[PDB]
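One chain is shown next in structure tokens, namely the form deposited in one PDB entry.
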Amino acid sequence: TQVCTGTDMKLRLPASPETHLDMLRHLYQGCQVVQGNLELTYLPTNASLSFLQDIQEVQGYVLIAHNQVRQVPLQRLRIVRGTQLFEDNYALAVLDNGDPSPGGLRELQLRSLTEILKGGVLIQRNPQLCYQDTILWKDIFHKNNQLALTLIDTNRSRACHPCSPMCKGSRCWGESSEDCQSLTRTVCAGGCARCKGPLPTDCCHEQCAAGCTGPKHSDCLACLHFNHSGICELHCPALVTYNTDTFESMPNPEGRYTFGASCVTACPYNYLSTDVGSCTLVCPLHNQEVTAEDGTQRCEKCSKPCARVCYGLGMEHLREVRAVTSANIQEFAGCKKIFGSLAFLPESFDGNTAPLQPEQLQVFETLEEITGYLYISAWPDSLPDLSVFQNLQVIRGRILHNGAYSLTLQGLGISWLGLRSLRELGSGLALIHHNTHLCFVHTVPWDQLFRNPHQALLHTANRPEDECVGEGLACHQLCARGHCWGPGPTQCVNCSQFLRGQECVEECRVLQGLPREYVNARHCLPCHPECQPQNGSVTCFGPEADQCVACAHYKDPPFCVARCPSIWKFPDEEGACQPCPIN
């Protein structure tokens, strides 16, 4: 699907090399527009990167570092926007790509790269790279970005074949004839921002951003601001228009929300609509999230000083805080929804700052939604599961660990997960690895929880499956479909038969049983104490003391009662609470 999210890992070492590349493949296969940063790092010689073929635009910056691979096929990339920048300076950073026959990047091959709207270029310590010293970078930088830094190292360990003789000014991205830099700014007639040629009638419209196949606002190679169904525009159409006489708001039916550099009739799945017409991943100040009956969340206005919210890591007062710890565990007391993330790390426990004791973890027993991510790299040996989050229902992943993962469990050796209420990972990837004693992984129906095709479970080095089956560690037979989060009848995704509390069971106690029960939506629920259990029949029709087939003791119609109330009554012949004759 055309728009993917990016990552945010900078130069940090991926913790699971064995799955690192499937994460990139999953993010990027089919993606044309990276809503974030494109970071390609720690890739070995034999890494196939064909899934990058379709990328045209990168909203953030592009980072290519510590790779032994020889080619990154980014030939379709037209435009880097530089919304964020590597080291707050660079839109493109190519660093340390080469061995510490042979390996390392040989040619950038960015032949469609015509526009860098903000930021500059850093290229350092690439032993086998050629042609980079050839490029007229000032042509690629936007008019308002001419003073972008360019810090470029040309130290190589080999000789370069010249640019193909096809190349105009001997400026190229590679030795091939399709690798000549095409210039779109410095070679233009008049004051033209971008042209497709030397004439003044080649010249692109003022709303295009990288070039054009013509003079119109529908002929742009990229939009400088917004794409409105094929037309590049300065802004989208407002959701509201004003009555020419009275100025009452009128819903504009050509109305659109802003999403990245697009106009859209509805924000996409995990995003929030604002009254301002944006699609955001977080309400801007003094707003509250409001959830329609569609499950479709809006950022509406605060009608007063807004209620209190539980922020998690990376929000408000917890913005700069690394881990959940003893110092801040009470911050979560009584929270049902956390705006932000929760990260548990070795320092959470092995502390000045104390050790977070396992029982304090119960604060999260009331937790149903996390809007950021959940990351666990440490967890007390004495707890076999993640049941303190039994009631967690959804992780949105509007913020993801390393830009990538919405759920992450590693180095724990818990024994099962037990996140039994977890029904949705709204976005982001699930990385579960290096949990020696962890079974019940493939017992979870992962893709019932995922919401878009760029999501998957990456898992390696947990307890091996044959070792789980060889100890009878499998879903209890009452769980439907063979899907569960741990051992026993409480851990099922759905009971085949009935539910008593959290326990799946074969039969409620309608006919045989110590405390007799009725049924309600495949639940076993108690008959009132004052119902006499009936041999060979149903004992009760519901919870209330007046839904017995017959009374255990006395009756004060309509209710079976333990004793007649002292407004003075007494038991008569047939057990009925008659009133005393004198008060």
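Numbers follow the displayed sequence, beginning with 1. For clarity, a rigid core is taken as the largest C-alpha set superposing within 1.5 Å between two forms.
Missing deposited residues between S566 and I567: 10 or more, all without coordinates in the entry. The segment from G351 to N352 is interrupted, since 4 to 9 residues of the deposited sequence in that interval carry no coordinates. Of the two segments, 497-505 and 398-406, the one listed with the higher mean B-factor is 497-505 (C-alpha atoms only). The stretch 478-486 shows the higher mean C-alpha B-factor when 478-486 is compared against 175-183 in the entry. Annotation for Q491, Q297, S421, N452: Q297 ranks highest, by Cα B-factor. The maximum CA B-factor among the listed residues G470, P237, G104, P445, taken from the PDB record, is found at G470. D219 sits in the middle third of its chain by CA B factor, as recorded in the PDB entry. Split the chain's modelled residues into thirds by C-alpha temperature factor. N583 is in the highest one. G513: CA B factor lies in the highest third for its chain, per the PDB record. Ranked by Cα temperature factor within the chain, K304 sits in the highest third according to the deposited record. Annotation for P384: C-alpha temperature factor in the lowest third relative to the rest of the modelled chain, per the entry.
Beyond what is shown, the protein has a form deposited in another entry; the following relates to that form.
Superposed on the core, the two forms barely differ at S382: its CA moves less than 2 Å between the shown form and the other one. Once both forms are fitted on their rigid core, the CA atom of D245 lies 2 Å or more apart between the shown form and the other one.
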